[PDB]
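Residue numbers (the entry's author numbering), protein chains in the order written: chain A, 22 to 57; chain B, 3 to 437; chain C, 2 to 437; chain D, 2 to 437; chain E, 390 to 437; chain F, 196 to 243; chain G, 50 to 98. Even for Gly, the Cβ is constructed at its ideal location relative to N, Cα and C. Shown next, in structure tokens, is the structure this report addresses.
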């Protein structure tokens, strides 16, 4: 229902494409920033 | 008895009861999703005190966040009437962000404006109890104050923050505390010796969902329609005599805006939106030989007498053209909130709506300032020629003149309330439309 | 612990509350709406504006629908603080809406006073006072801009907005009559005030503009609106000075499915005075000191709440010879009836009986159809006016069956019926489906 | 220019609001209902009406379903202005709702004052006073007609009306316990008022008449109603005198899905008094003068918004040995909770904690099902009563953990819980599905 | 309490008049539960 | 003139090896644990 | 940190297991010998895991 405005949606496209720890399942990782 | 009218069924009443769809007296209530509500304390990162800025990270205790209330403990330094909403002027502002991305921000002046404009009836009186001393309490008195926050998710459970689905971007609130609080550590410009520092704690009301709903929140994407407050401060100037000045303020707003609201205030005395005068409740000592019109009788700072107001008329323009013909300020203070809200607005606070029912959250008409290249608010002021110390003129002059003390209402605060969309996908989210 | 501890407290009594659910409270739904813009422009007045003059205005068809009409007055008063009582409302004496040559809805200043007195029930009533009267002790010589909104069927909810775009061949006119006698501006009681300036008046109308795509479809389709109208005729009271609790059997002349009947007992000289006047605070001019006079009100406090000053003792509605309900005391119709029906404060002297469950709303909820009832009557029984209005011992210390001797000054009776019918608009013309 | 300047301002950002519209705000369609009539009539009271007497009435079967009940009293006061405080609410000591020989609900005079303190909000509260008290500075000897509406689950909304037509085998009765002592009518504090009048009472019920098709369905088909009950036991307090902050762990006896818990700290000798008394305006009889006495309230202003006079320091609720939420000071429960859940102002001394998002309504919005909570405890901490009530400087000038010496008179703790149950109507007999 | 001859010279059924200041009752219970850690999450398997 | 405290919380951490950390993070665990349950109350010490 | 205040410690995942936690205070007393009794123990009024 939302249109893609090339002047207003860029900040949103940036953050939703930001690298995040999505592969931290059953991993022994020293640092995980308060995931949930 | 009642059968005497029940049998008296006719022709034109077919539009009321012909082939009924509903019956009023057997109401079926809907079955809901199991949840529990709990309110717990958040810790504050930083030193709490006057003029300090601290932040709170909201812990991941529940599934959804709804009400957040900031509790402050204050000791007054003055007598009854020397305070005027201490709790919310101390709460200078609150900035809301998700993962470092700004969602919204509210200012102490807005909290006063919103309380003055949209909160109504005894609810507002209760609010006063939550933020002020209302029983003529004296020097040394201690009271615990509660300042509820009014972000888009704070007034309705339907817009609560989906923590389940906001795994990678934490929710934070930054709290700026005022350096000066009237009646607590300052009395006018004078410091109050020995005034204590505020103690503050942030309470967050969590909702806990049951098993299937939690799963649904965790796996499905979400689209929430949310509000934003747009603001920056402006400067104005009202002449003393011989003229009614005009001013053209260039507005810098974007997004579907459902109303604009603004006020004219004295930057030193928090919440003063009108001129002070030697009439009851309009200044310190009003009505007695000691009456002085430069200092308010603070606990009564808010008034409904628009002759103490500075604004004469206002007009909103879009791209160089008038939106409506110029109307006098009293329309925007008394009639628009009657049409759009239903309550009463004190003098000096003005509203113009683009929506039919901006008080509610269901969208009801917007002006999208993202397609407007030049939005201008044009003001005409009253001539400040009434001698504020003479009730003969303050309670008896023409509509185009205001008090000489109105020349101190030099801070122009213009607010815009708009829609944006908070969209959550794969454990994170943010607002779809920036500018 | 906490919420999870509460969350698991699940059992047999929950099967009808959380089991096999239909809804949640944590995800609201917004709807996509027809694109529109709101506009407000000023309407001219054809005729001379003044006290006692009749003027009219035609609504310029700039927009597609009309939603809200606010009449502006600029008044200057010749009296002191407390000598006025809704001077903008007394002044707006008669208002009627004409569609294509036919009258469909008329309202009186006394009705506006009743509506403010009956359905405005919070900050709204105070704000109404703010824009109709002075509320901040202003002195003689003060002037003020007043905003008196109209309450036609379309002036509160956008859903019944008058569709000018579908009335291609009709004139829509507002006819105004301004009162000749307005307390505090031209007269103080019965005496004329020298230097009484004429009012400045104009009418502001809030237009709705629809987007071209739905505006075309909207304009071409026929429409029906279920709207409410006011029906009214005047009457007279029967208030004795002594020994008798007088009765009068009033024959009613109303038609159409009616939500409620409301009536007040008015002093025709002092606008909005629905009670006796007495030498108690706020109940008359000078009350409480030696100058107190019980024949002239303290106008700014005309509206009071002490029913001891009421003239009506009991009332009963009858339909075709049968009691509609058993006889009740005036305090019933003033206090608890609106508590049940609307949920708010009503001053003394204003009475109603509601046929609707919730007449304050616009959703029909039970009506009495006076188009099929041939003989509806309203029986009123008065209090004995045996209290000496000048003695607080008797005004504040007596029984409910008696009232003040000044209640006899209440000689006009106003009975209102607010009711439903249907407004039909087709091919550029419209009007009401049913007469009366 | 004008409104069209916004209408044409169609961009990308607003599409999600105006594309493919579903709702038009400007063309309303009202749902059609089934014809009914409302009638309000009296019933015979069986038993002598008076002070300390208990009477009953059987609802005369003049309707198909019952929506509202109002108890009317005639009282004469033995005192002057300010000597009464809801004398009609105090007289109505309690009311029991009985359907078919079994108890459904029972409300107590104190519960009515608490409901008024929490859920009856806006100026509508003023009507409540107007229907129950003397609010116009009335003097000794005045006699007045009072209206005490009942607030059973079916009294504020037609949706849960009692469908008597469907209960043709069960009687529905109302039992009214009248107080032995009413402040200002037959006692002034504990002192009897010589010559006090015996009160007169009548009970009125609002009946609904349904038409042929709807009443047939009601009579032949079974029904399941979602109804509300009040659970109450009156507890004792341990209010401290000096040097200590006493605490209590009050074991609660509740079952069924609960909307909220509310409580107050009462002075059993002065109805509706929930705070300390002090030598400040409205806080005690004679306050501000040499005659001020802090042992007797200025009754008509018994309720206050002065936190310093409230006794509670802090509270927490534990369920099955676990913390339900973190400890709050008393100022939380009489401010933040009614603010978030109701949206009104709660007088000091009355506290509420909700489990429900909207406890003021009927649509379930979250419950605490005590059927799965085996040990529920309300833990209270009191403020120390060390302030001299007679010194305005100490009462309006001290800290959050102390109150006045007169708070020790608040010896009774009244804990209320509202819950959901199901009222099943089957083959002419009614009853609750879940009993405990 | 002020005379040791009376405090050090009496029976098991009596104590000092100052003993009435011991007004706080503290009853503790120490118990078992199970801390169940599966998929990166922890918590209490059995609790009320 | 009393000074405020300085507070630090010190934690003793256990570091494991290559194979142990792989298994430890990947496998579920069930620890038998202690809890304290407590609510304070009021006693009844008599006078005489 | 101060007297009567409430603070929290979030445990960093600095190691693989966490075992022994000790709370460190610096205090200066205003009284003489015999005027204190476990002053660091009463200092920590309610600690929650």
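If contact means a Cβ-Cβ distance below 8 Å, which residues of the region 374 to 408 of chain C contact chain B?
374
Applying the criterion that 16 or more other CB atoms from any shown protein chain within 10 Å of the CB defines a buried residue, is residue 26/C buried or exposed?
buried
When you compare the CB of residue 13/D with every CB in chain A, is at least one pair closer than 8 Å?
yes
What does DSSP give as the partner residue(s) for residue 422/D in the beta ladder?
228/D
With a threshold of 6 Å on Cβ separation, who are the neighbours of residue 381/D within its own chain once the five nearest residues in sequence on each side are excluded?
249, 316
Would DSSP call residue 207/C helix, strand or coil?
strand
For residue 115/B, which residues of its own chain have a beta-carbon under 8 Å away from its beta-carbon, when the five flanking residues on both sides are left out?
263, 265, 351, 415, 417
Spatial distance of residue 344/D from residue 121/D (CA atoms):
10 Å
Taking all protein chains shown into account, decide if residue 223/F is buried (16 or more other Cβ within 10 angstroms of its Cβ) or exposed.
exposed
Is there a C-beta anywhere in chain D that falls below 8 Å from the one on residue 240/F?
no
Spell out whether any CB of chain B is found under 8 Å from the CB atom of residue 44/A.
no
Counting Cβ pairs closer than 8 Å, one from the region 311 to 330 of chain D and one from the region 188 to 197 of chain D, do we hit at least three?
no
Is the beta carbon of residue 295/B sitting closer than 8 Å to the one on residue 391/B?
yes
Residue 237/C and residue 176/C closer than 8 Å at C-beta
no
When DSSP labels each residue in this structure, what does residue 347/D get in the three-state scheme?
coil
Note the first and the last residue of the continuous beta strand (DSSP E) segment covering residue 221/B.
Careful: residue 221/B lies outside any beta strand (DSSP E), inside the alpha helix (DSSP H) at 213 to 221.
Per the DSSP calculation, residue 56/C is bridged to which residue(s)?
177/C
Could you say if the region 298 to 307 of chain B and the region 141 to 152 of chain C meet the contact criterion of at least three C-beta pairs nearer than 8 Å?
no
Name the residue from 429/B, 94/B, 284/B, 386/B whose alpha carbon lies nearest to the alpha carbon of residue 182/B.
94/B
Restricting to Cα atoms, I'd like to know which of 434/B, 405/B, 34/B is closest to residue 278/B.
405/B
Starting from residue 69/G, trace the alpha helix (DSSP H) in both directions and tell me its first and last residue.
Where residue 69/G is concerned, there is no enclosing alpha helix (DSSP H), although the beta strand (DSSP E) it sits in stretches over 66 to 75.
Quick check: the Cα distance between residue 209/D and residue 160/D, rounded to an integer number of angstroms?
12 Å
Quick one: is residue 60/G buried, meaning 16 or more other Cβ sit within 10 Å of its Cβ, or exposed?
exposed
Give me, in chain order, the residues of the same chain whose beta-carbon lies closer than 7 Å to that of residue 440/C; leave out the 5 immediate sequence neighbours on both sides.
This structure does not reach residue 440/C, given that chain C is present from 2 up to 437, and the question cannot be answered.
Which one of 409/B, 87/B, 251/B, 117/B has the shortest CA to CA distance from residue 339/B?
117/B
On the criterion of 16 or more Cβ atoms from any shown chain inside 10 Å, does residue 396/D qualify as buried, or is it exposed?
buried
Which partner residues of residue 119/B appear in the DSSP bridge assignment?
BP columns for residue 119/B are empty, so no partner.
Return the CA-CA distance between residue 369/D and residue 156/D, expressed in angstroms with no decimal places.
24 Å
As assigned by DSSP and simplified to three states, the class of residue 431/D:
strand
How would you write the range of the alpha helix (DSSP H) that residue 130/C sits in, first residue to last?
124 to 131
Count the other C-beta atoms from every protein chain shown that fall within 10 angstroms of the C-beta of residue 375/B, then say buried if there are 16 or more, exposed otherwise.
exposed
Which residue comes first and which comes last in the alpha helix (DSSP H) that contains residue 96/C?
Careful: residue 96/C lies outside any alpha helix (DSSP H), inside the beta strand (DSSP E) at 93 to 100.
If residue 260/B sits next to residue 377/B, beta carbons under 8 Å apart, how far is it from one beta carbon to the other, in whole angstroms?
At roughly 15 Å, the Cβ-Cβ gap does not stay under 8 Å, so residue 260/B and residue 377/B are not in contact.
Residue 429/B: which of 318/B, 219/B, 255/B sits nearest, CA to CA?
219/B
Is there a C-beta anywhere in chain B that falls below 8 Å from the one on residue 17/D?
yes
Residue 1/C (DSSP reduced to helix, strand or coil)
Residue 1/C is absent from the model: chain C starts at 2 and stops at 437.
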